[PDB]
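Coordinate analysis (summary)
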There are 2 protein chains.
Amino acid sequence: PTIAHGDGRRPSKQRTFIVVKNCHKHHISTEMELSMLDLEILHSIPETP
Amino acid sequence: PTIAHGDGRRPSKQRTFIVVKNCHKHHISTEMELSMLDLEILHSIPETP
């Protein structure tokens, strides 16, 4: 908006500002290790304690 | 008003003051701009959505 003033200065027309805001994408990585012998007995079901 | 005194000083009379004040004027002006196309098609009826 504007103000009207009695002063001799020119009045200024209606004005709008159009503003663009942009994203930021961030990337996150973690790592895990698993033993082969550990993965071995998982499939079978145990019989002896 | 005044207050009487016993002294030999000459008396000041009844005192009257008349003060005149007048208006002051202010003018206020805004300017707006309207495009041709808006004001034209306002009269036009909607044929299609």
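Look up a bit, the structure's there.
Residues numbered from 1 in each chain as written, not as in the entry; some residues may be left out. Chains lettered and ligands numbered in written order. Part of a larger assembly, values for the part shown. Heavy atoms only, no water.

1. Quick look at the overall build of chain A
We apply this condition: Strands are runs of DSSP state E lasting at least 2 residues, helices are runs of H or I lasting at least 4, and numbering of each runs from the N terminus. For each residue, the accessible area found with a 1.4 Å probe, counting protein chains only, is set against the maximum for its type, and the residue is called buried under 20%, exposed over 50%, and partly exposed in between. Accessible surface is estimated by sampling points in the Shrake-Rupley manner with a 1.4 Å probe; for residues, cover comes only from the protein chains shown.
If you tally the helices and strands in chain A, you get one helix and zero strands. Across its three principal axes, chain A shows a C-alpha extent of roughly 100 × 15 × 10 Å. The buried share of chain A, reckoned over its 49 residues, is 0%. If you sum the accessible surface of chain A, you get close to 6200 Å²; carbon and sulfur atoms cover 57% of it.

2. Focus on the relation of the copies chain B and chain A
To be explicit about the condition: Copies share a common frame after least-squares superposition on their C-alpha atoms.
Each copy of the sequence occupies a distinct position, and chain B is placed on chain A by a rotation of 62° and an axial shift of 0.2 Å, giving an RMSD of 0.8 Å. Interpreted geometrically, this transformation is the action of a six-fold axis. No C-alpha of chain B lies nearer the rotation axis than that of B:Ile3, which sits 53 Å from it.

3. As for the interface of chain B and chain A
How big an interface is tends to be stated in terms of accessible area lost as the parts join. So the rule is basically this: Contacts are assigned to residue pairs that have any heavy atoms within 4.5 Å of one another. Note on definitions: salt bridges are taken to be side-chain nitrogens of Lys or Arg within 4 Å of carboxyl oxygens of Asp or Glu. Polar contact is defined as a pair of N or O atoms within 3.5 Å, subject to the rule that within protein one atom must be able to donate a hydrogen and the other to accept it, and that residues adjacent in sequence are counted only when both atoms are side-chain atoms. Each residue gets one label: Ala, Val, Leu, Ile, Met, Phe, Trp, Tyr, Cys and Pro are nonpolar, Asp, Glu, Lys and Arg are charged, and the others, such as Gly, are polar.
At the junction of the two partners, chain B supplies seven residues and chain A supplies six residues. At the junction of chain B with chain A, the criterion picks out one salt bridge. Here A:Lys13 ties to B:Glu33 by a salt bridge, and the two come within 2.6 Å at their closest N and O atoms. The interface formed by chain B and chain A contains one residue pair in polar contact. Looking at the side of chain B that touches chain A residue by residue, the classes come out as two nonpolar, three polar and two charged.

4. Section: a nonpolar patch on the surface
Residue and element names in this part refer to chain A. Our working definition: Surface patches are drawn from residues lacking salt bridges whose relative accessible area is over 30%; two like charges belong together within 9 Å, two nonpolar side chains (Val, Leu, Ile, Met, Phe, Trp, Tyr) within 5 Å.
Among the surface-exposed residues, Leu-34, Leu-39, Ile-41 and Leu-42 lie close enough to one another that they form a single nonpolar patch of about 430 Å² accessible area. With respect to the helices and strands, the residue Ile-41 is situated in helix α1 (residues 36–43). A relative accessible area of 53% means that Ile-41 is categorised as exposed.

5. A few points about the pattern of salt bridges
Residues and elements named next belong to chain B. For the coordinates displayed, the defined rule picks out two salt bridges over all chains. The salt bridge involving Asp-7 is made with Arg-9; its shortest N-O contact spans 3.7 Å. The exposure class assigned to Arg-9 is exposed, which follows from its relative accessible area of 57%.

6. Let's talk about the layout of surface pockets
Rolled over the atoms, a probe with the dimensions of a water molecule shows which regions are left empty. All names here are of chain B. Quick note on the threshold: The way it works is a 1 Å grid over only the protein atoms, where trapped points that fit a 1.4 Å probe form a cavity and open points with protein on both sides within 12 Å along at least five of seven lines form a pocket, and then any residue with an atom within 4 Å of a point lines it. Grid points are joined across faces, edges and corners, and a volume is the space filled by probe spheres set on the points.
Computed from the structure, the largest pocket encloses a volume of approximately 150 Å³. Looking at the largest pocket, the residues that line it are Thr-2, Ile-3, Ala-4, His-5, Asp-7, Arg-9, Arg-10, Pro-11 and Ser-12. Taken together, the residues of the lining of the largest pocket sort by class into three nonpolar, three polar and three charged.

7. Section: the environment of B:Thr30
Looking at where B:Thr30 falls in the secondary structure, it is placed in the segment before α1 (36–43). Classification of B:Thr30 by relative accessible area gives exposed; the value is 56%. The spacing of B:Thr30 and B:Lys13 is 17 residues in sequence and 56 Å in space, taken between C-alpha atoms. With residues up to four places along the chain from it excluded, the contact list for B:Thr30 reads A:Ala4 and A:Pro11.

Coordinates in, geometry out; function isn't part of it.
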